[PDB]
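**Q** part one of the complex, left exactly where it sits:
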Amino acid sequence: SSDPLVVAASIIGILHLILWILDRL
């Protein structure tokens, strides 16, 4: 495993991408 801030941030940068893309569509 890695540290929970690093991992958490990673997931965020995925979720925030979907939201942004969804908004555009």
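**A** Okay, I see it. Numbering: from 1, shown residues only, chains lettered A, B, ... in the order given.

**Q** quick one: distance of the strand or helix carrying residue A:10 to the chain centre.
**A** Following DSSP states H and E, one finds residue A:10 within helix A:4-24. In this view, helix A:4-24 has its centroid 2 Å away from the chain centroid, taken as CA atoms, centre = their mean, to the nearest Å.

**Q** run through the neighbouring helices and strands of it.
**A** Packing partners of helix A:4-24 (3 or more CB pairs under 8 Å, 6 or more residues apart in numbering; DSSP states H and E): none among the helices and strands. Just so you know, the C-beta spots here come from the backbone N, C-alpha and C atoms, and that holds for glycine as well.

**Q** append chain B to the structure above:
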Amino acid sequence: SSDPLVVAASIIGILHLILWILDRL
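**A** Chain B now in position relative to the chains above:
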């Protein structure tokens, strides 16, 4: 701990998310 660029960047990707979301609302 980790390195301050890595950690700092992590926090940014959270703050930038809130700002973006807040703007949408």
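
**Q** same question on what packs on helix A:4-24, but with chain B included?
**A** helix B:4-24 (3 or more CB pairs under 8 Å, 6 or more residues apart in numbering or on different chains; DSSP states H and E).

**Q** tell me the buried residues in the helix holding residue A:10?
**A** Using 16 or more other CB atoms under 10 Å in any protein chain shown as the test for burial, helix A:4-24 gives A:9, A:16.

**Q** could I have it exported to PDB, CA atoms only?
**A** What follows is helix A:4-24, C-alpha atoms only, in PDB (Å, rounded to 0.1, in the frame of the first residue of the first chain):
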ATOM      1  CA  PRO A   4      -4.000   7.500   2.400                       C
ATOM      2  CA  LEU A   5      -3.500  11.200   1.200                       C
ATOM      3  CA  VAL A   6      -1.700  10.100  -1.800                       C
ATOM      4  CA  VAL A   7      -4.200   7.400  -2.700                       C
ATOM      5  CA  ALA A   8      -7.100   9.500  -1.800                       C
ATOM      6  CA  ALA A   9      -5.900  12.300  -4.000                       C
ATOM      7  CA  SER A  10      -5.500   9.800  -6.900                       C
ATOM      8  CA  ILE A  11      -9.100   8.800  -6.800                       C
ATOM      9  CA  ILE A  12     -10.200  12.400  -6.600                       C
ATOM     10  CA  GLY A  13      -8.300  13.300  -9.800                       C
ATOM     11  CA  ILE A  14     -10.400  10.500 -11.400                       C
ATOM     12  CA  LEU A  15     -13.800  11.500 -10.000                       C
ATOM     13  CA  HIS A  16     -13.200  15.200 -10.700                       C
ATOM     14  CA  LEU A  17     -12.400  14.200 -14.300                       C
ATOM     15  CA  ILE A  18     -15.700  12.400 -14.800                       C
ATOM     16  CA  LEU A  19     -17.600  15.200 -13.300                       C
ATOM     17  CA  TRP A  20     -15.900  17.700 -15.600                       C
ATOM     18  CA  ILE A  21     -16.500  15.500 -18.600                       C
ATOM     19  CA  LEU A  22     -20.100  14.900 -17.700                       C
ATOM     20  CA  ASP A  23     -20.700  18.600 -17.400                       C
ATOM     21  CA  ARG A  24     -19.300  19.200 -20.800                       C
END
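
**Q** please slot chain C in as well:
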Amino acid sequence: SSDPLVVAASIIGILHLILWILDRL
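**A** With chain C added, the chains above now look like this:
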């Protein structure tokens, strides 16, 4: 190498940048 979530996220933050920039233009 590093872990595939970390690396994958890195690439995303690049692709998402291009898309955003392209949209602005």
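
**Q** what packs on helix A:4-24 again please, this time with chain C.
**A** For helix A:4-24, the packing partners by 3+ CB pairs under 8 Å, 6+ apart come out as helix B:4-24, helix C:4-24.

**Q** nearest to residue A:14, out of those helices?
**A** Taking CB to CB, helix C:4-24 is the member of the helices and strands packed on helix A:4-24 nearest to residue A:14, at 6.4 Å.

**Q** the closest one vs helix A:4-24, what angle?
**A** Counting by axes from the mean of the first three to the mean of the last three CA atoms, to 10 degrees, helix C:4-24 lies at 30 degrees to helix A:4-24.

**Q** no further queries at this time; thank you.
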